[PDB]
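In this chain, numbering begins with 1 at the start of the sequence shown. Values reported hereafter were calculated over all heavy atoms of this structure, with side chains retained and with hydrogens, waters and symmetry mates removed.
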Amino acid sequence: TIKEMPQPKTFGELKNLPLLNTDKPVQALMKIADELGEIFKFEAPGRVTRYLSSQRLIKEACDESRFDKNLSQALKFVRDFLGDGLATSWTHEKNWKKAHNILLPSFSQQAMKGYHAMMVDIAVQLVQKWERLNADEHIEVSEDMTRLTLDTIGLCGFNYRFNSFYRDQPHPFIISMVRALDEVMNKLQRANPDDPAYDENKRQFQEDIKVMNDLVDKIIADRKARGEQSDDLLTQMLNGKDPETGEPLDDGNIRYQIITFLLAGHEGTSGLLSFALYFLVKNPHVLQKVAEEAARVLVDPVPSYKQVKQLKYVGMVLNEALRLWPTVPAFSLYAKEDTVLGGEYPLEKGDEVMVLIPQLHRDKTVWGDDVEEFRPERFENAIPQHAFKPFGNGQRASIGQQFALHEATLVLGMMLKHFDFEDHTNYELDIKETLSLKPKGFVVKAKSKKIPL
Ligand code: HEM
């Protein structure tokens, strides 16, 4: 039956916008969803979207005959620096399908055998850093996972070394990228984002975009100077031809892809690794089970590709981390035609819906009563269509899913092979939002098991 859609408190002409005047908007949206249920409208000046939280509705949103990817307001702002790169292009834009076809083979399960050695290079640097800490020191978890994930995509993708583990001050590229993302988040909170009152933030934003483009220049210059032949992402982009069209990407689009991969390659995965260790230190029995599997499987000084694929319980741990805290916590869709959602909510062509992934992942009708518990065994055996969506949906799902999960499986495996962890501060979870999610202030101490590399 057609029903009126729930909607939270409005503030005159500002509509719902003041509800998200917070540094933790996705967490605030989860609270609204707790209060209003599976669907609610959220208006701000000049835009409307509808936040979905149940598998019953999200399964319909994920029907590609009915909905296509939408550029949320956040993506539209991110597009100021990512352009028509893969993540910020419309499905119908020429460069989407073109770049997709050119790059997809670079991200398959098979391409992972190729990247494995270089993933190991950076994982070893992480393990060595932690082996070299003195007794009175600790680990800043999200910070070190970011060093690893950035360096891994730099190296695997572009044969470029960020050398993040040689730095205690974060890489200039990351300083600017984080500030650009912070600006996007602040811009989402403005009534009139084009107001010339914000021309200063715009100045800084453009300076940070220049910094990102300066790094792209260095990556391209290094490629030309090192004068080696590689089959990495950049090589595929410079020479690869779209089999559908028979054209290569233009330099402008390649530049956008480089920045896209550096961002995306690192943000999601670093949060996943940090959430996973967090859950392990809070769920000691699960830790023991991971440690047992690492010790049992990782019998060589460094992991092989085949050994990583045998870390089945580590993979379950990672999926359960993604269930509770999917690190790219939403994605947006638009109605391809006039339709009715859920037998209940009429939509007009172009109307936007937002999939609130953390809420979908707490839907008791799919998962059972215990959704707040960290229980990797969930994945042991058979879950429903579109209940678990940490990598988005359909042909606009993450191109990085296998890359991210191979890396994180490798790294978490090595971490638990080589160390025991202590939650020395009895850390209370604090989730930082930079569009993506990651723990803030999560610290531990590691006690080496003294197993050489
Ligand atoms: C745990 C790690 C990661 C998570 C949770 C994640 C999540 C996502 C999600 C939710 C989307 C869809 C967003 C939307 O519909 O608007 C997406 C798209 C994307 N992901 Fe990831 N991802 C991760 C790792 C990576 C990595 C490692 C790469 C690259 C190396 C990457 C590259 C991309 C790209 C390029 C897209 C756009 C794909 C397309 O539309 O053609 N991702 N990912």
Side-chain angles (χ1 to χ4, degrees), residues 119-155 161-171 174-175 178 266-287 289-291 293-295 298 302-303 311 314 317-318 320-322 324-325 327 374 404 407-432 434 436-446 448-453:
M119 292 193 183
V120 175
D121 182 297
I122 302 311
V124 163
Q125 296 192 47
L126 170 74
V127 169
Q128 286 179 317
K129 173 170 176 178
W130 288 7
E131 291 280 30
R132 294 168 179 173
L133 293 175
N134 298 301
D136 63 303
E137 299 171 342
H138 62 277
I139 296 160
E140 293 177 342
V141 178
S142 288
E143 294 80 352
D144 275 339
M145 295 307 97
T146 297
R147 289 189 171 82
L148 172 119
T149 60
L150 177 71
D151 275 35
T152 298
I153 190 53
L155 188 57
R161 285 184 184 264
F162 288 101
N163 288 318
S164 295
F165 287 111
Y166 293 83
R167 303 160 189 275
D168 55 352
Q169 318 177 23
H171 197 282
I174 289 276
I175 286 313
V178 164
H266 94 260
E267 275 290 2
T269 310
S270 68
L272 166 63
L273 280 162
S274 184
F275 279 112
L277 185 56
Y278 164 86
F279 281 112
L280 298 182
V281 304
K282 298 299 199 180
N283 292 280
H285 188 259
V286 177
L287 191 151
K289 220 169 145 182
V290 173
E293 179 182 87
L298 297 180
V302 296
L311 299 168
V314 172
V317 164
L318 295 166
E320 180 76 334
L322 286 174
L324 285 164
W325 288 112
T327 51
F374 184 81
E407 176 171 14
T409 303
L410 170 62
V411 171
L412 191 65
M414 292 177 73
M415 287 168 50
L416 278 148
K417 175 180 182 188
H418 284 291
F419 311 98
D420 280 302
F421 295 87
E422 186 194 354
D423 171 19
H424 64 291
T425 72
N426 197 19
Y427 167 75
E428 186 168 323
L429 180 61
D430 179 25
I431 298 173
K432 181 169 169 67
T434 56
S436 55
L437 303 182
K438 68 179 37 145
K440 181 181 182 196
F442 178 41
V443 297
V444 300
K445 288 179 147 150
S448 175
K449 287 175 184 295
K450 299 286 161 201
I451 304 168
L453 290 158

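Residues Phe421 and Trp130 are in side-chain contact: their nearest non-hydrogen atoms beyond the backbone lie under 4.5 Å apart. Taking 4.5 Å as the limit, every side-chain heavy atom of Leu412 sits out of range of all side-chain heavy atoms of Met145. In this structure, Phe279 and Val317 have side chains that are not in contact, with every pair of non-hydrogen atoms separated by 4.5 Å or more. Contact annotation: the side chain of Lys289 never approaches that of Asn283 to less than 4.5 Å [non-hydrogen atoms, C-beta and beyond]. Two residues are said to be in side-chain contact when any heavy atoms from C-beta on lie closer than 4.5 Å; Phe275 and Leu322 fail this criterion. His171 has its side chain out of reach of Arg147: every pair of non-hydrogen atoms, C-beta onward, lies at least 4.5 Å apart. With contacts defined as side-chain heavy-atom distances shorter than 4.5 Å, the pair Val444/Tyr278 does not qualify.
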*Test log, rule side-chain contact (heavy atoms from CB on, under 4.5 Å), inputs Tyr427 and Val141*: CA-CA 12 Å; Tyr427 167 75; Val141 178; over 6 Å; no

- Item | Candidate pair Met414 and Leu453, rule side-chain contact (heavy atoms from CB on, under 4.5 Å), full reasoning | CA-CA 10 Å; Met414 292 177 73; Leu453 290 158; 4.2 Å; yes

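The two residues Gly268 and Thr327 make their nearest non-hydrogen contact at O-OG1, 2.8 Å. Annotation for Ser164 and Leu150: closest pair OG-CD2, 3.9 Å, computed over non-hydrogen atoms. The shortest heavy-atom contact between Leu272 and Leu318 is CD1-O, 3.6 Å. The minimum heavy-atom distance linking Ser274 with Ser142 is given by the pair OG-OG, 2.7 Å. For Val411 against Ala123, the heavy-atom pair with the smallest separation is CG2-CB, 3.9 Å. The two residues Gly413 and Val314 come nearest to each other via the heavy atoms N-CG1, 4.4 Å.
Separating the CG atom in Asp430 from the NZ atom in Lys438 is a distance of 13.0 Å, to the nearest 0.5 Å. Going from atom CG of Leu273 over to atom CG of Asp144 covers 11.5 Å, rounded to the nearest 0.5 Å. Between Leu280 atom CG and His285 atom NE2 the span is 12.5 Å, to the nearest 0.5 Å. With rounding to the nearest 0.5 Å, the separation of CD in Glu143 from CZ in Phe442 is 10.5 Å. Here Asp423 contributes atom CG and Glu428 contributes atom CD; the two are 11.0 Å apart, rounded to the nearest 0.5 Å. We find the OG1-NE2 distance between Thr425 and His138 to be 9.0 Å, quoted to the nearest 0.5 Å.
Put simply, the side chain of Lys129 never gets that close to the backbone of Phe165: no donor and acceptor are under 3.5 Å apart. With hydrogens and angles disregarded, no donor-acceptor distance shorter than 3.5 Å links the side chain of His418 to the backbone of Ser448. The main-chain N or O of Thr146 is never found under 3.5 Å from a side-chain atom of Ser270 such that the two would form a donor-acceptor pair.
Shown here is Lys282, whose NZ atom has more than 12 heavy atoms of other residues, nucleotides or ligands within 6.0 Å.
Side chain to side chain, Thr152 and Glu407 meet the donor-acceptor criterion of an N or O pair below 3.5 Å.
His266 pairs with exactly one of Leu148, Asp151, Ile174 by the side-chain contact (heavy atoms from CB on, under 4.5 Å) rule, that one being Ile174.
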